[PDB]
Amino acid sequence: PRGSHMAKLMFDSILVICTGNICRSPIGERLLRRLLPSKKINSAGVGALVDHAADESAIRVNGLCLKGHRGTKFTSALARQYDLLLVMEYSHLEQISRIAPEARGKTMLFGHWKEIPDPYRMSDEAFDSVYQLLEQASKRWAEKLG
C-alpha cells in the first residue's frame, strides 16, 4: 500500500475495475497508462458488457482516446495477474471478495486519496464530474506509485 520508492517495486501491474467496463474503468485505465507508461494497466467489470466498445458518452470526454477498448468480465483467474486492483464503487470490493477471495487483500478504491459514481445512462455533465474525479484520482495514484 505504501509508501514511496518502495511502491515501484511492489506494484508493476494494475487492474482498474468498474461495473460495465465501458465507462469508469476504461477512462481510469487510460489515465493511469500515460502516467505510468512502464506499468501493466488493464480493466474489467464485475458485471461487464463483454466485447462492447466504450460507451459513447465516455468516449466524448480532457483529450485522451479509448483506443481498442472492449468490455472484459472480471474473474479470479484475471485477478491472479495483477498486483493492484482499483475499484470505483465500494460495492465492488464486496463483489470482489465474493468472486476472488485471494484478490481482496490487494484491492483498494480508485481515488483512495471517495468512491466514483456510475455515469452510465446519464447527462454529459455527470460524465465530466466523474471524469474530473478519475483524473485527480489518477494523479494521486501516480505520485503514490512513483
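Counting begins at 1, following the sequence as shown.
- According to the entry, the deposited sequence has 1 to 3 residues without coordinates between residue 113 and residue 114.
- Missing coordinates between residue 99 and residue 100 amount to none of the deposited residues, so the segment is unbroken.
- Look at the mean CA B-factor for 137-145 and for 2-10 in the entry; the higher one is 2-10.
- Between 87-95 and 65-73, the higher mean Cα B-factor belongs to 87-95.
- Taking the PDB entry at face value, the top CA B factor among 103, 32, 44, 54 belongs to 103.
- When the CA B factors of the chain's modelled residues are split into thirds, the value for residue 18 lands in the lowest one.
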